[PDB]
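Notes for the one structure printed next.
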Amino acid sequence: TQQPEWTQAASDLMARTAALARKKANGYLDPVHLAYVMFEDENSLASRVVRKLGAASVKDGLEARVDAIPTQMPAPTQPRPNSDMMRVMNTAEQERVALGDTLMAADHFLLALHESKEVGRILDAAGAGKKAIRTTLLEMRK
C-alpha cells in the first residue's frame with residue numbers, strides 16, 4: 001500500500017474536515033464534511049471548477065447535508081473516517097497514480113468526491129458530474 005507524501009494543501013483540507021466534524025459533534029469523518037470544506041472558500045479549487053462549468057452553487061446544500069449528520073451526545077474527541085470516507089480516500093489514491101502525480105493533492109480529492117452518493121447527487125444536480133469535473137480540471141491544469 002502506497003504511502004505518498006501529501007501536499008500541505010491536501011493535509012490542510014483534511015485538518016479542516018476533522019475540525020468540521022468535531023465542531024458538529026459528529027461520530028465520523030464523512031465525505032460530506034470534506035466536500036463542504038472543499039467548497040467553503042469562494043476561490044477554492046472546487047469552487048473554481050464549479051465556476052468554470054457554470055454549475056449551480058453547492059455550498060449551502062452541502063452545509064445542509066453536513067447539518068443532517070446526527071449530533072452525538074457525547075461525541076468522539078477524534079472522529080475517524082467512516083467506510084464512505086475510506087472509499088473516497090482510496091479513489092483519490094487511484095487518481096493520483098493514474099495521473100502520475102508524486103504527491104497527493106486537492107485535485108485527487110475532488111476527482112474522488114463522486115464515490116460518495118450523498119456528495120455526488122448534489123454535484124450531479126448542479127451540473128458538475130464526475131466526467132465534467134475531470135474535463136474541467138484537465139483544462140485548469142494547462
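Ordering of the C-alpha cells sets the chain letters (A, B, ...), residue numbers begin anew at 1 in every chain, and ligands are numbered from 1 in the order given.
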List as a PDB file with N, CA, C and O atoms, in the first residue's frame the protein and nucleic acid residues near residue 137 (chain A), meaning an atom at most 12 Å away when only C-alpha atoms are counted, but skip any in the same chain fewer than 2 places from it.
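Printed below is result_35.pdb as written:
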ATOM      1  N   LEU A  45     -10.167  25.501  -5.235  1.00  0.00           N
ATOM      2  CA  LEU A  45     -10.106  24.720  -6.471  1.00  0.00           C
ATOM      3  C   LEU A  45     -11.487  24.214  -6.872  1.00  0.00           C
ATOM      4  O   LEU A  45     -11.920  24.395  -8.019  1.00  0.00           O
ATOM      5  N   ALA A  46     -12.204  23.588  -5.932  1.00  0.00           N
ATOM      6  CA  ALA A  46     -13.520  23.043  -6.249  1.00  0.00           C
ATOM      7  C   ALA A  46     -14.501  24.145  -6.645  1.00  0.00           C
ATOM      8  O   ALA A  46     -15.278  23.985  -7.597  1.00  0.00           O
ATOM      9  N   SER A  47     -14.468  25.282  -5.942  1.00  0.00           N
ATOM     10  CA  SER A  47     -15.324  26.405  -6.314  1.00  0.00           C
ATOM     11  C   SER A  47     -15.007  26.908  -7.716  1.00  0.00           C
ATOM     12  O   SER A  47     -15.913  27.291  -8.466  1.00  0.00           O
ATOM     13  N   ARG A  48     -13.723  26.935  -8.083  1.00  0.00           N
ATOM     14  CA  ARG A  48     -13.347  27.416  -9.405  1.00  0.00           C
ATOM     15  C   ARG A  48     -13.728  26.429 -10.504  1.00  0.00           C
ATOM     16  O   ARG A  48     -14.032  26.849 -11.625  1.00  0.00           O
ATOM     17  N   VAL A  49     -13.744  25.128 -10.203  1.00  0.00           N
ATOM     18  CA  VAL A  49     -14.252  24.143 -11.155  1.00  0.00           C
ATOM     19  C   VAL A  49     -15.732  24.379 -11.421  1.00  0.00           C
ATOM     20  O   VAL A  49     -16.180  24.390 -12.574  1.00  0.00           O
ATOM     21  N   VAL A  50     -16.518  24.543 -10.353  1.00  0.00           N
ATOM     22  CA  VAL A  50     -17.940  24.853 -10.491  1.00  0.00           C
ATOM     23  C   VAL A  50     -18.142  26.137 -11.291  1.00  0.00           C
ATOM     24  O   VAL A  50     -19.000  26.201 -12.181  1.00  0.00           O
ATOM     25  N   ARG A  51     -17.343  27.172 -11.006  1.00  0.00           N
ATOM     26  CA  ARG A  51     -17.436  28.420 -11.757  1.00  0.00           C
ATOM     27  C   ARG A  51     -17.201  28.189 -13.248  1.00  0.00           C
ATOM     28  O   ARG A  51     -17.972  28.655 -14.093  1.00  0.00           O
ATOM     29  N   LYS A  52     -16.127  27.474 -13.589  1.00  0.00           N
ATOM     30  CA  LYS A  52     -15.797  27.259 -14.993  1.00  0.00           C
ATOM     31  C   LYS A  52     -16.882  26.467 -15.715  1.00  0.00           C
ATOM     32  O   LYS A  52     -17.158  26.724 -16.893  1.00  0.00           O
ATOM     33  N   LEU A  53     -17.512  25.513 -15.025  1.00  0.00           N
ATOM     34  CA  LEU A  53     -18.574  24.703 -15.608  1.00  0.00           C
ATOM     35  C   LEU A  53     -19.900  25.437 -15.728  1.00  0.00           C
ATOM     36  O   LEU A  53     -20.807  24.929 -16.396  1.00  0.00           O
ATOM     37  N   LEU A  99      -2.736   9.758 -12.735  1.00  0.00           N
ATOM     38  CA  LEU A  99      -2.190  10.988 -13.292  1.00  0.00           C
ATOM     39  C   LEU A  99      -0.671  11.032 -13.245  1.00  0.00           C
ATOM     40  O   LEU A  99      -0.076  11.961 -13.804  1.00  0.00           O
ATOM     41  N   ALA A 106      -5.096  18.248  -3.723  1.00  0.00           N
ATOM     42  CA  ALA A 106      -6.518  18.584  -3.687  1.00  0.00           C
ATOM     43  C   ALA A 106      -7.254  18.073  -4.919  1.00  0.00           C
ATOM     44  O   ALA A 106      -8.413  17.650  -4.824  1.00  0.00           O
ATOM     45  N   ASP A 107      -6.599  18.132  -6.087  1.00  0.00           N
ATOM     46  CA  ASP A 107      -7.200  17.635  -7.322  1.00  0.00           C
ATOM     47  C   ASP A 107      -7.695  16.207  -7.149  1.00  0.00           C
ATOM     48  O   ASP A 107      -8.796  15.859  -7.593  1.00  0.00           O
ATOM     49  N   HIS A 108      -6.890  15.370  -6.494  1.00  0.00           N
ATOM     50  CA  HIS A 108      -7.228  13.957  -6.360  1.00  0.00           C
ATOM     51  C   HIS A 108      -8.448  13.768  -5.471  1.00  0.00           C
ATOM     52  O   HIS A 108      -9.293  12.902  -5.743  1.00  0.00           O
ATOM     53  N   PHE A 109      -8.555  14.563  -4.403  1.00  0.00           N
ATOM     54  CA  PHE A 109      -9.759  14.527  -3.578  1.00  0.00           C
ATOM     55  C   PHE A 109     -10.985  14.922  -4.391  1.00  0.00           C
ATOM     56  O   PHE A 109     -12.043  14.292  -4.284  1.00  0.00           O
ATOM     57  N   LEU A 110     -10.864  15.979  -5.195  1.00  0.00           N
ATOM     58  CA  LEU A 110     -12.000  16.438  -5.984  1.00  0.00           C
ATOM     59  C   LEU A 110     -12.450  15.369  -6.978  1.00  0.00           C
ATOM     60  O   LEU A 110     -13.654  15.147  -7.152  1.00  0.00           O
ATOM     61  N   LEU A 111     -11.495  14.692  -7.628  1.00  0.00           N
ATOM     62  CA  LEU A 111     -11.773  13.590  -8.545  1.00  0.00           C
ATOM     63  C   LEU A 111     -12.387  12.381  -7.852  1.00  0.00           C
ATOM     64  O   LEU A 111     -12.894  11.493  -8.545  1.00  0.00           O
ATOM     65  N   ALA A 128     -22.141  19.411 -12.253  1.00  0.00           N
ATOM     66  CA  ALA A 128     -20.739  19.098 -12.011  1.00  0.00           C
ATOM     67  C   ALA A 128     -20.600  17.605 -11.720  1.00  0.00           C
ATOM     68  O   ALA A 128     -20.137  17.189 -10.657  1.00  0.00           O
ATOM     69  N   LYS A 130     -19.089  13.699 -12.408  1.00  0.00           N
ATOM     70  CA  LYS A 130     -17.723  13.191 -12.336  1.00  0.00           C
ATOM     71  C   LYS A 130     -16.940  13.474 -13.619  1.00  0.00           C
ATOM     72  O   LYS A 130     -15.813  13.985 -13.573  1.00  0.00           O
ATOM     73  N   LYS A 131     -17.512  13.133 -14.779  1.00  0.00           N
ATOM     74  CA  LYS A 131     -16.807  13.349 -16.038  1.00  0.00           C
ATOM     75  C   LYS A 131     -16.571  14.830 -16.292  1.00  0.00           C
ATOM     76  O   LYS A 131     -15.499  15.225 -16.775  1.00  0.00           O
ATOM     77  N   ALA A 132     -17.559  15.667 -15.974  1.00  0.00           N
ATOM     78  CA  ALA A 132     -17.419  17.094 -16.222  1.00  0.00           C
ATOM     79  C   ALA A 132     -16.326  17.696 -15.349  1.00  0.00           C
ATOM     80  O   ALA A 132     -15.550  18.543 -15.810  1.00  0.00           O
ATOM     81  N   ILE A 133     -16.260  17.281 -14.081  1.00  0.00           N
ATOM     82  CA  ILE A 133     -15.201  17.749 -13.194  1.00  0.00           C
ATOM     83  C   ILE A 133     -13.834  17.360 -13.742  1.00  0.00           C
ATOM     84  O   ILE A 133     -12.904  18.173 -13.773  1.00  0.00           O
ATOM     85  N   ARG A 134     -13.688  16.111 -14.183  1.00  0.00           N
ATOM     86  CA  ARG A 134     -12.404  15.670 -14.716  1.00  0.00           C
ATOM     87  C   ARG A 134     -11.980  16.511 -15.914  1.00  0.00           C
ATOM     88  O   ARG A 134     -10.818  16.927 -16.014  1.00  0.00           O
ATOM     89  N   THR A 135     -12.908  16.759 -16.845  1.00  0.00           N
ATOM     90  CA  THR A 135     -12.573  17.531 -18.036  1.00  0.00           C
ATOM     91  C   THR A 135     -12.198  18.964 -17.676  1.00  0.00           C
ATOM     92  O   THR A 135     -11.308  19.561 -18.297  1.00  0.00           O
ATOM     93  N   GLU A 139      -8.473  21.101 -18.136  1.00  0.00           N
ATOM     94  CA  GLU A 139      -8.257  22.424 -18.720  1.00  0.00           C
ATOM     95  C   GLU A 139      -7.524  23.340 -17.751  1.00  0.00           C
ATOM     96  O   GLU A 139      -6.633  24.101 -18.153  1.00  0.00           O
ATOM     97  N   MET A 140      -7.895  23.286 -16.470  1.00  0.00           N
ATOM     98  CA  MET A 140      -7.295  24.173 -15.481  1.00  0.00           C
ATOM     99  C   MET A 140      -5.829  23.843 -15.219  1.00  0.00           C
ATOM    100  O   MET A 140      -5.067  24.725 -14.806  1.00  0.00           O
ATOM    101  N   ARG A 141      -5.415  22.595 -15.437  1.00  0.00           N
ATOM    102  CA  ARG A 141      -4.029  22.207 -15.204  1.00  0.00           C
ATOM    103  C   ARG A 141      -3.079  22.664 -16.304  1.00  0.00           C
ATOM    104  O   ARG A 141      -1.862  22.597 -16.108  1.00  0.00           O
ATOM    105  N   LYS A 142      -3.593  23.128 -17.440  1.00  0.00           N
ATOM    106  CA  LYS A 142      -2.741  23.607 -18.529  1.00  0.00           C
ATOM    107  C   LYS A 142      -1.899  24.811 -18.117  1.00  0.00           C
ATOM    108  O   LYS A 142      -2.391  25.733 -17.464  1.00  0.00           O
TER     109      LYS A 142
END
Find the residues around residue 68 (chain A) up to 12 Å (only C-alpha atoms counted), leave out those fewer than 2 positions away in its own chain, and share them as a PyMOL selection string. chain A and resi 21+24-26+30+32-33+61-66+70-72+118
Output for the residues just chosen: N, CA, C and O atoms as a CSV table (one decimal), in the first residue's frame:
chain,number,residue,atom,x,y,z
A,21,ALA,N,-16.1,18.1,11.5
A,21,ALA,CA,-16.8,17.0,12.1
A,21,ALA,C,-16.8,17.2,13.6
A,21,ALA,O,-17.8,16.9,14.2
A,24,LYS,N,-19.3,19.9,14.8
A,24,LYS,CA,-20.7,19.5,14.7
A,24,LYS,C,-21.0,18.3,15.6
A,24,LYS,O,-22.1,17.9,15.7
A,25,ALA,N,-20.0,17.8,16.4
A,25,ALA,CA,-20.2,16.7,17.3
A,25,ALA,C,-20.6,15.5,16.6
A,25,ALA,O,-21.5,14.7,17.0
A,26,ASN,N,-20.0,15.2,15.4
A,26,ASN,CA,-20.4,14.0,14.6
A,26,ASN,C,-19.5,12.8,15.0
A,26,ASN,O,-18.4,13.0,15.5
A,30,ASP,N,-16.9,12.1,7.3
A,30,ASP,CA,-17.7,11.7,6.2
A,30,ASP,C,-17.3,12.5,5.0
A,30,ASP,O,-16.8,13.6,5.1
A,32,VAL,N,-19.1,14.1,3.1
A,32,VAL,CA,-19.8,15.3,3.1
A,32,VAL,C,-19.1,16.4,3.8
A,32,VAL,O,-19.1,17.6,3.3
A,33,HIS,N,-18.3,16.1,4.9
A,33,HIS,CA,-17.5,17.1,5.5
A,33,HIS,C,-16.4,17.6,4.6
A,33,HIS,O,-16.2,18.8,4.5
A,61,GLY,N,-26.1,23.7,0.0
A,61,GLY,CA,-26.7,22.4,0.1
A,61,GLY,C,-25.8,21.4,0.8
A,61,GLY,O,-26.2,20.5,1.5
A,62,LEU,N,-24.4,21.5,0.5
A,62,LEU,CA,-23.5,20.7,1.3
A,62,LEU,C,-23.5,21.0,2.8
A,62,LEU,O,-23.4,20.1,3.6
A,63,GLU,N,-23.7,22.3,3.1
A,63,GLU,CA,-23.8,22.6,4.5
A,63,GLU,C,-25.0,22.0,5.2
A,63,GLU,O,-25.0,21.4,6.3
A,64,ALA,N,-26.1,22.0,4.5
A,64,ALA,CA,-27.3,21.4,4.9
A,64,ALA,C,-27.1,19.9,5.1
A,64,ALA,O,-27.5,19.3,6.1
A,65,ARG,N,-26.4,19.3,4.2
A,65,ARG,CA,-26.1,17.8,4.3
A,65,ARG,C,-25.2,17.5,5.5
A,65,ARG,O,-25.4,16.5,6.2
A,66,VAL,N,-24.3,18.4,5.8
A,66,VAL,CA,-23.5,18.3,7.0
A,66,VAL,C,-24.4,18.4,8.2
A,66,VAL,O,-24.2,17.6,9.2
A,70,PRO,N,-26.2,13.3,12.4
A,70,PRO,CA,-26.7,13.4,13.8
A,70,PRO,C,-25.7,14.0,14.7
A,70,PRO,O,-24.4,13.8,14.6
A,71,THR,N,-26.2,14.9,15.6
A,71,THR,CA,-25.3,15.4,16.7
A,71,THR,C,-25.2,14.4,17.8
A,71,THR,O,-26.2,14.0,18.4
A,72,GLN,N,-24.0,13.9,18.1
A,72,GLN,CA,-23.8,12.8,19.0
A,72,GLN,C,-23.6,13.4,20.4
A,72,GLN,O,-22.8,14.3,20.6
A,118,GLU,N,-24.0,10.7,-1.5
A,118,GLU,CA,-24.6,11.9,-0.9
A,118,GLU,C,-23.9,13.2,-1.4
A,118,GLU,O,-24.6,14.2,-1.6
Among the residues of region 6-141 of chain A, find those DSSP assigns to helix (DSSP H, G or I) from the backbone and print them as number ranges by chain. A: 8-23, 31-38, 45-53, 59-67, 83-98, 106-115, 117-126, 130-140
Go ahead and write the selection's residues with C-alpha atoms as an mmCIF file, in the first residue's frame.
data_model
loop_
_atom_site.group_PDB
_atom_site.id
_atom_site.type_symbol
_atom_site.label_atom_id
_atom_site.label_comp_id
_atom_site.auth_asym_id
_atom_site.auth_seq_id
_atom_site.Cartn_x
_atom_site.Cartn_y
_atom_site.Cartn_z
ATOM 1 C CA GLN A 8 0.402 20.904 2.504
ATOM 2 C CA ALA A 9 -2.916 21.951 0.959
ATOM 3 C CA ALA A 10 -4.211 18.363 0.921
ATOM 4 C CA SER A 11 -3.187 17.870 4.548
ATOM 5 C CA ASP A 12 -4.934 21.115 5.478
ATOM 6 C CA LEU A 13 -8.146 20.115 3.702
ATOM 7 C CA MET A 14 -8.183 17.010 5.890
ATOM 8 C CA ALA A 15 -7.415 19.014 9.040
ATOM 9 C CA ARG A 16 -10.323 21.331 8.222
ATOM 10 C CA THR A 17 -12.525 18.280 7.590
ATOM 11 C CA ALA A 18 -11.660 16.861 11.014
ATOM 12 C CA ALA A 19 -12.274 20.237 12.660
ATOM 13 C CA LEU A 20 -15.684 20.485 10.984
ATOM 14 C CA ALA A 21 -16.787 17.019 12.090
ATOM 15 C CA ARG A 22 -15.662 17.768 15.649
ATOM 16 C CA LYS A 23 -17.408 21.159 15.784
ATOM 17 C CA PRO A 31 -17.149 12.644 2.546
ATOM 18 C CA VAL A 32 -19.845 15.288 3.088
ATOM 19 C CA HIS A 33 -17.504 17.069 5.538
ATOM 20 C CA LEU A 34 -14.618 17.051 3.052
ATOM 21 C CA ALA A 35 -16.871 18.262 0.236
ATOM 22 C CA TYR A 36 -18.178 21.169 2.299
ATOM 23 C CA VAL A 37 -14.617 22.118 3.261
ATOM 24 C CA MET A 38 -13.521 21.967 -0.389
ATOM 25 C CA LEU A 45 -10.106 24.720 -6.471
ATOM 26 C CA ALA A 46 -13.520 23.043 -6.249
ATOM 27 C CA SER A 47 -15.324 26.405 -6.314
ATOM 28 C CA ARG A 48 -13.347 27.416 -9.405
ATOM 29 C CA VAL A 49 -14.252 24.143 -11.155
ATOM 30 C CA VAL A 50 -17.940 24.853 -10.491
ATOM 31 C CA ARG A 51 -17.436 28.420 -11.757
ATOM 32 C CA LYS A 52 -15.797 27.259 -14.993
ATOM 33 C CA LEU A 53 -18.574 24.703 -15.608
ATOM 34 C CA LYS A 59 -22.016 25.282 -0.730
ATOM 35 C CA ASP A 60 -25.349 25.800 1.048
ATOM 36 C CA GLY A 61 -26.661 22.374 0.054
ATOM 37 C CA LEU A 62 -23.509 20.659 1.284
ATOM 38 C CA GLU A 63 -23.771 22.601 4.546
ATOM 39 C CA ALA A 64 -27.345 21.379 4.948
ATOM 40 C CA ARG A 65 -26.146 17.829 4.319
ATOM 41 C CA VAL A 66 -23.457 18.267 6.990
ATOM 42 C CA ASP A 67 -26.144 19.536 9.373
ATOM 43 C CA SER A 83 -16.323 3.463 5.277
ATOM 44 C CA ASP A 84 -17.580 6.023 2.733
ATOM 45 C CA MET A 85 -14.636 8.279 3.564
ATOM 46 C CA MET A 86 -12.230 5.348 3.184
ATOM 47 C CA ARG A 87 -13.625 4.704 -0.298
ATOM 48 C CA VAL A 88 -13.141 8.358 -1.249
ATOM 49 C CA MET A 89 -9.555 8.254 0.032
ATOM 50 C CA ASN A 90 -8.841 5.007 -1.834
ATOM 51 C CA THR A 91 -10.178 6.518 -5.054
ATOM 52 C CA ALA A 92 -8.098 9.659 -4.511
ATOM 53 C CA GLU A 93 -5.010 7.437 -4.360
ATOM 54 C CA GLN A 94 -6.058 5.693 -7.588
ATOM 55 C CA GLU A 95 -6.444 9.092 -9.263
ATOM 56 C CA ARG A 96 -3.034 10.245 -8.018
ATOM 57 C CA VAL A 97 -1.389 7.156 -9.508
ATOM 58 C CA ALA A 98 -3.329 7.391 -12.779
ATOM 59 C CA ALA A 106 -6.518 18.584 -3.687
ATOM 60 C CA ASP A 107 -7.200 17.635 -7.322
ATOM 61 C CA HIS A 108 -7.228 13.957 -6.360
ATOM 62 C CA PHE A 109 -9.759 14.527 -3.578
ATOM 63 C CA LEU A 110 -12.000 16.438 -5.984
ATOM 64 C CA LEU A 111 -11.773 13.590 -8.545
ATOM 65 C CA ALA A 112 -12.843 11.190 -5.747
ATOM 66 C CA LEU A 113 -15.860 13.009 -4.283
ATOM 67 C CA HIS A 114 -18.322 11.203 -6.553
ATOM 68 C CA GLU A 115 -17.544 7.960 -4.731
ATOM 69 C CA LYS A 117 -23.583 9.161 -3.343
ATOM 70 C CA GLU A 118 -24.567 11.886 -0.872
ATOM 71 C CA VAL A 119 -21.957 14.323 -2.235
ATOM 72 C CA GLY A 120 -22.305 13.130 -5.812
ATOM 73 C CA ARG A 121 -26.060 13.639 -6.042
ATOM 74 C CA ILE A 122 -25.635 17.311 -5.104
ATOM 75 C CA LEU A 123 -22.767 17.848 -7.556
ATOM 76 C CA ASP A 124 -24.647 15.986 -10.318
ATOM 77 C CA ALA A 125 -27.771 18.129 -9.951
ATOM 78 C CA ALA A 126 -25.658 21.297 -10.050
ATOM 79 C CA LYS A 130 -17.723 13.191 -12.336
ATOM 80 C CA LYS A 131 -16.807 13.349 -16.038
ATOM 81 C CA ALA A 132 -17.419 17.094 -16.222
ATOM 82 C CA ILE A 133 -15.201 17.749 -13.194
ATOM 83 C CA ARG A 134 -12.404 15.670 -14.716
ATOM 84 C CA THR A 135 -12.573 17.531 -18.036
ATOM 85 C CA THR A 136 -12.586 20.908 -16.288
ATOM 86 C CA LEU A 137 -9.618 20.063 -14.061
ATOM 87 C CA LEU A 138 -7.708 18.985 -17.163
ATOM 88 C CA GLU A 139 -8.257 22.424 -18.720
ATOM 89 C CA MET A 140 -7.295 24.173 -15.481
#
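Excluding residue 103 (chain A) itself and same-chain residues fewer than 5 positions from it, the residues having an atom within 7 Å of it are residues 4, 5, 6 and 7 of chain A, counting only C-alpha atoms.
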Can I get the selection written as an mmCIF file, in the first residue's frame, with N, CA and C atoms?
data_model
loop_
_atom_site.group_PDB
_atom_site.id
_atom_site.type_symbol
_atom_site.label_atom_id
_atom_site.label_comp_id
_atom_site.auth_asym_id
_atom_site.auth_seq_id
_atom_site.Cartn_x
_atom_site.Cartn_y
_atom_site.Cartn_z
ATOM 1 N N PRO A 4 2.112 7.865 -0.042
ATOM 2 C CA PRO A 4 2.729 9.026 -0.682
ATOM 3 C C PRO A 4 2.775 10.216 0.258
ATOM 4 N N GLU A 5 3.697 11.119 -0.043
ATOM 5 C CA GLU A 5 3.688 12.428 0.581
ATOM 6 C C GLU A 5 2.457 13.197 0.108
ATOM 7 N N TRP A 6 1.912 14.024 0.994
ATOM 8 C CA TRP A 6 0.773 14.874 0.686
ATOM 9 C C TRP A 6 1.247 16.310 0.540
ATOM 10 N N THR A 7 0.617 17.050 -0.369
ATOM 11 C CA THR A 7 0.827 18.490 -0.380
ATOM 12 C C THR A 7 0.313 19.082 0.927
#
Run DSSP on the backbone and give me the residues of chain A it puts in strand (DSSP E), as JSON, numbers by chain. {"A": [28, 29, 80, 81]}
May I have the selected residues written with C-alpha atoms, as a PDB file, in the first residue's frame?
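Okay, result.pdb is ready:
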ATOM      1  CA  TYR A  28     -17.174  10.042  11.979  1.00  0.00           C
ATOM      2  CA  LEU A  29     -15.428  11.942   9.225  1.00  0.00           C
ATOM      3  CA  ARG A  80     -12.275   8.841  12.216  1.00  0.00           C
ATOM      4  CA  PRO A  81     -13.083   8.157   8.553  1.00  0.00           C
TER       5      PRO A  81
END
Between CA of residue 116 (chain A) and CA of residue 56 (chain A), what is the distance, to one decimal in Å? 18.8 Å
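Using only C-alpha atoms for every distance, the candidate list A:100, A:54, A:127, A:27 yields A:27 as the residue closest to residue 69 (chain A).
In this structure, CA of residue 77 (chain A) sits 29.4 Å away from CA of residue 42 (chain A).
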Kindly give the distance, in Å, that separates CA of residue 40 (chain A) and CA of residue 57 (chain A), rounded to a single decimal. 10.8 Å
